[PDB]
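Colleague: Contents of final-v6.pdb (PDB, C-alpha atoms) are given next:
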ATOM      1  CA  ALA L   4    -141.428  51.540  15.499
ATOM      2  CA  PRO L   5    -139.056  52.342  12.573
ATOM      3  CA  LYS L   6    -135.875  50.281  12.538
ATOM      4  CA  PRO L   7    -132.838  51.833  10.795
ATOM      5  CA  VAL L   8    -131.587  49.650   7.969
ATOM      6  CA  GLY L   9    -127.933  49.564   6.992
ATOM      7  CA  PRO L  10    -125.041  51.679   8.349
ATOM      8  CA  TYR L  11    -127.042  54.454  10.010
ATOM      9  CA  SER L  12    -128.729  55.787  13.108
ATOM     10  CA  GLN L  13    -132.248  57.174  12.625
ATOM     11  CA  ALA L  14    -131.143  60.156  14.740
ATOM     12  CA  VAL L  15    -128.143  61.481  16.705
ATOM     13  CA  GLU L  16    -127.996  63.838  19.711
ATOM     14  CA  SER L  17    -124.950  66.024  19.036
ATOM     15  CA  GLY L  18    -124.952  69.678  20.027
ATOM     16  CA  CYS L  19    -128.242  71.558  20.140
ATOM     17  CA  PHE L  20    -129.372  69.612  17.022
ATOM     18  CA  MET L  21    -130.945  66.292  16.078
ATOM     19  CA  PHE L  22    -129.845  64.728  12.804
ATOM     20  CA  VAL L  23    -132.296  62.261  11.317
ATOM     21  CA  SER L  24    -131.558  59.676   8.719
ATOM     22  CA  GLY L  25    -134.100  60.170   6.010
ATOM     23  CA  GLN L  26    -137.046  58.166   7.166
ATOM     24  CA  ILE L  27    -138.793  55.451   5.198
ATOM     25  CA  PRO L  28    -142.497  54.525   4.767
ATOM     26  CA  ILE L  29    -142.170  51.024   6.222
ATOM     27  CA  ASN L  30    -144.984  49.781   8.381
ATOM     28  CA  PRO L  31    -142.475  49.572  11.205
ATOM     29  CA  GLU L  32    -144.354  46.554  12.601
ATOM     30  CA  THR L  33    -144.433  44.913   9.175
ATOM     31  CA  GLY L  34    -141.103  46.022   7.748
ATOM     32  CA  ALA L  35    -142.782  46.618   4.408
ATOM     33  CA  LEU L  36    -143.678  49.738   2.498
ATOM     34  CA  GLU L  37    -147.154  51.261   3.135
ATOM     35  CA  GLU L  38    -150.167  50.380   1.067
ATOM     36  CA  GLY L  39    -151.669  52.718  -1.511
ATOM     37  CA  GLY L  40    -148.753  54.092  -3.498
ATOM     38  CA  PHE L  41    -149.375  57.823  -3.221
ATOM     39  CA  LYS L  42    -150.474  59.650  -0.033
ATOM     40  CA  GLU L  43    -150.601  56.640   2.243
ATOM     41  CA  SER L  44    -146.860  56.189   2.068
ATOM     42  CA  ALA L  45    -146.188  59.931   2.022
ATOM     43  CA  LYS L  46    -148.435  59.989   5.077
ATOM     44  CA  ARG L  47    -146.865  57.183   7.112
ATOM     45  CA  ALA L  48    -143.318  57.980   6.049
ATOM     46  CA  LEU L  49    -143.962  61.233   7.859
ATOM     47  CA  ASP L  50    -145.665  59.626  10.808
ATOM     48  CA  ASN L  51    -142.687  57.251  10.729
ATOM     49  CA  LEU L  52    -140.825  60.474  11.468
ATOM     50  CA  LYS L  53    -143.350  62.093  13.739
ATOM     51  CA  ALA L  54    -142.188  59.183  15.972
ATOM     52  CA  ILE L  55    -138.384  59.203  16.492
ATOM     53  CA  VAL L  56    -138.662  62.973  16.641
ATOM     54  CA  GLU L  57    -140.769  62.538  19.758
ATOM     55  CA  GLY L  58    -138.445  59.857  21.117
ATOM     56  CA  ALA L  59    -135.800  62.427  22.003
ATOM     57  CA  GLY L  60    -138.426  64.534  23.753
ATOM     58  CA  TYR L  61    -139.075  66.842  20.878
ATOM     59  CA  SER L  62    -141.984  68.684  19.306
ATOM     60  CA  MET L  63    -141.775  68.584  15.518
ATOM     61  CA  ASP L  64    -142.886  72.188  15.122
ATOM     62  CA  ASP L  65    -139.531  72.627  16.925
ATOM     63  CA  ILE L  66    -137.758  71.385  13.761
ATOM     64  CA  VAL L  67    -135.851  74.100  11.961
ATOM     65  CA  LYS L  68    -135.093  72.298   8.717
ATOM     66  CA  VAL L  69    -136.439  69.357   6.752
ATOM     67  CA  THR L  70    -135.101  67.889   3.518
ATOM     68  CA  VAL L  71    -137.278  65.615   1.333
ATOM     69  CA  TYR L  72    -136.661  63.410  -1.734
ATOM     70  CA  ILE L  73    -139.364  62.584  -4.251
ATOM     71  CA  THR L  74    -139.274  60.011  -6.979
ATOM     72  CA  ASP L  75    -142.398  61.427  -8.588
ATOM     73  CA  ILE L  76    -143.687  64.382 -10.529
ATOM     74  CA  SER L  77    -146.372  66.715  -9.179
ATOM     75  CA  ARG L  78    -147.204  64.522  -6.222
ATOM     76  CA  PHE L  79    -145.654  67.671  -4.804
ATOM     77  CA  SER L  80    -149.269  68.645  -4.200
ATOM     78  CA  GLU L  81    -150.577  65.240  -3.071
ATOM     79  CA  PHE L  82    -147.683  65.442  -0.656
ATOM     80  CA  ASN L  83    -147.600  69.128   0.100
ATOM     81  CA  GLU L  84    -151.013  68.259   1.444
ATOM     82  CA  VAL L  85    -149.947  65.662   4.045
ATOM     83  CA  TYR L  86    -147.057  67.817   5.210
ATOM     84  CA  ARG L  87    -149.392  70.260   6.879
ATOM     85  CA  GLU L  88    -151.197  67.849   9.208
ATOM     86  CA  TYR L  89    -147.816  67.432  10.913
ATOM     87  CA  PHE L  90    -146.009  70.797  10.991
ATOM     88  CA  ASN L  91    -147.954  73.827  12.237
ATOM     89  CA  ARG L  92    -146.905  77.444  11.553
ATOM     90  CA  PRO L  93    -144.095  78.348  11.556
ATOM     91  CA  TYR L  94    -142.624  75.800   9.154
ATOM     92  CA  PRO L  95    -139.063  74.575   8.671
ATOM     93  CA  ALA L  96    -136.959  75.792   5.741
ATOM     94  CA  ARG L  97    -137.302  72.793   3.471
ATOM     95  CA  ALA L  98    -135.736  71.392   0.339
ATOM     96  CA  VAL L  99    -137.405  69.257  -2.282
ATOM     97  CA  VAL L 100    -136.037  67.331  -5.185
ATOM     98  CA  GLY L 101    -136.983  64.809  -7.756
ATOM     99  CA  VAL L 102    -134.670  61.910  -7.241
ATOM    100  CA  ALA L 103    -135.193  59.115  -9.749
ATOM    101  CA  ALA L 104    -134.397  56.164  -7.534
ATOM    102  CA  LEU L 105    -134.735  55.281  -3.843
ATOM    103  CA  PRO L 106    -134.108  52.599  -1.188
ATOM    104  CA  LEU L 107    -136.282  49.502  -1.539
ATOM    105  CA  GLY L 108    -138.107  51.618  -4.084
ATOM    106  CA  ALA L 109    -139.749  53.871  -1.484
ATOM    107  CA  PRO L 110    -142.025  56.554  -3.078
ATOM    108  CA  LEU L 111    -139.926  59.210  -1.325
ATOM    109  CA  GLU L 112    -137.756  59.699   1.760
ATOM    110  CA  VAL L 113    -136.952  62.434   4.212
ATOM    111  CA  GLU L 114    -134.153  63.627   6.472
ATOM    112  CA  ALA L 115    -134.429  66.693   8.624
ATOM    113  CA  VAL L 116    -132.663  68.486  11.401
ATOM    114  CA  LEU L 117    -133.883  70.509  14.338
ATOM    115  CA  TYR L 118    -132.475  72.283  17.399
ATOM    116  CA  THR L 119    -133.187  70.598  20.787
TER     117      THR L 119
END
Could I get this structure in the form of structure tokens?
Modeller:
Amino acid sequence: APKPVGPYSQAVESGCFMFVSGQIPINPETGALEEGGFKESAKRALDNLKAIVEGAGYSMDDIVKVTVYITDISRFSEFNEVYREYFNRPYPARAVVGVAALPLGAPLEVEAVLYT
């Protein structure tokens, strides 16, 4: 399972919300980024989330907001794709940017909140 790295908690139960440190595509059991470079990562990084989310007894489709960060151009689509398999209608108001640099180099990263 994902292990927060640094000065953060990968989630906090305050109020009727759950704040999640932007998750990272590390094979939790291999503390290394995923293999592939494109979708793989963008796939696991999400699974990597799909997890903690569930920890605190919580359906993801219960998530009201999600905020992503992408290092690369257009893989909006290659990603936009993988997003679906996880969140089913309705969806959570979501942001999306083009960073330029990320932790350990990670292809992307994603925080998100949700009401419990």
Colleague: State, in Å with one decimal place, the distance from CA of residue 115 in chain L to CA of residue 43 in chain L.
Modeller: 20.1 Å
Colleague: Can you find the residues with an atom no farther than 12 Å from (-125.5, 67.6, 18.8), counting all atoms listed in the file, and report them as a VMD selection string?
Modeller: chain L and resid 14 to 23 59 116 to 119
Colleague: Using all atoms listed in the file, which residues sit within 8 Å of residue 85 in chain L once same-chain residues fewer than 5 positions away are excluded, as a PyMOL selection string?
Modeller: chain L and resi 42+45-46
Colleague: Using only C-alpha atoms, find all polymer residues with an atom at most 7 Å away from the point (-134.1, 66.3, 2.8); report them as a compact mmCIF listing (two decimals) with C-alpha atoms, in the frame of the given file.
Modeller:
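Result file follows (selection-v7.txt):
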# COMPACT_ATOMS: atom_id res chain seq x y z
CA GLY L 25 -134.10 60.17 6.01
CA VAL L 69 -136.44 69.36 6.75
CA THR L 70 -135.10 67.89 3.52
CA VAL L 71 -137.28 65.61 1.33
CA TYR L 72 -136.66 63.41 -1.73
CA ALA L 98 -135.74 71.39 0.34
CA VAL L 99 -137.40 69.26 -2.28
CA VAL L 113 -136.95 62.43 4.21
CA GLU L 114 -134.15 63.63 6.47
CA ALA L 115 -134.43 66.69 8.62
Colleague: Find the residue from L:88, L:101, L:76, L:26 that sits nearest to residue 56 in chain L; use all atoms listed in the file when measuring.
Modeller: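 Of L:88, L:101, L:76, L:26, the one nearest residue 56 in chain L is L:26, counting all atoms listed in the file.
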Colleague: Counting all atoms listed in the file, what is within 12 Å of residue 93 in chain L, bar same-chain residues fewer than 3 positions away, as an mmCIF file with C-alpha atoms, in the coordinates of the input?
Modeller:
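Okay, this is what ended up in result_15.cif:
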data_model
loop_
_atom_site.group_PDB
_atom_site.id
_atom_site.type_symbol
_atom_site.label_atom_id
_atom_site.label_comp_id
_atom_site.auth_asym_id
_atom_site.auth_seq_id
_atom_site.Cartn_x
_atom_site.Cartn_y
_atom_site.Cartn_z
ATOM 1 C CA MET L 63 -141.775 68.584 15.518
ATOM 2 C CA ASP L 64 -142.886 72.188 15.122
ATOM 3 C CA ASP L 65 -139.531 72.627 16.925
ATOM 4 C CA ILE L 66 -137.758 71.385 13.761
ATOM 5 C CA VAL L 67 -135.851 74.100 11.961
ATOM 6 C CA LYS L 68 -135.093 72.298 8.717
ATOM 7 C CA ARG L 87 -149.392 70.260 6.879
ATOM 8 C CA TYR L 89 -147.816 67.432 10.913
ATOM 9 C CA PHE L 90 -146.009 70.797 10.991
ATOM 10 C CA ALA L 96 -136.959 75.792 5.741
ATOM 11 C CA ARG L 97 -137.302 72.793 3.471
#
Colleague: Pick from L:11, L:24, L:103, L:112: nearest to residue 48 in chain L, with only C-alpha atoms counted?
Modeller: L:112
Colleague: Could you check the closest approach to residue 49 in chain L for each of L:62, L:27, L:8, L:91 and tell me which residue wins, using all atoms listed in the file?
Modeller: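 Nearest candidate to residue 49 in chain L out of L:62, L:27, L:8, L:91: L:27.
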Colleague: Choose the residue, out of L:108, L:40, L:58, L:31, that has the smallest atom-to-atom separation from residue 5 in chain L; count all atoms listed in the file.
Modeller: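 Result for the nearest residue to residue 5 in chain L: L:31.
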Colleague: Could you tell me how far CA of residue 79 in chain L sits from CA of residue 33 in chain L, in Å to one decimal place?
Modeller: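 The value is 26.7 Å.
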Colleague: To test the calculation: enclose all listed atoms of range 103-107 of chain L in a box whose edges run along x, y and z, add 6 Å on each side, then state centre and edge lengths in Å to one decimal, as lines of an AutoDock Vina configuration file.
Modeller:
center_x = -135.2
center_y = 54.3
center_z = -5.5
size_x = 14.2
size_y = 21.6
size_z = 20.6
Colleague: CA of residue 57 in chain L to CA of residue 7 in chain L: how many Å, to one decimal?
Modeller: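 Spanning CA of residue 57 in chain L to CA of residue 7 in chain L is a straight-line distance of 16.1 Å.
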Colleague: Since I can't run it myself right now, could you work out what the PyMOL selection byres ((chain L and resi 110) around 6) selects here and report it as a count of residues only?
Modeller: 3
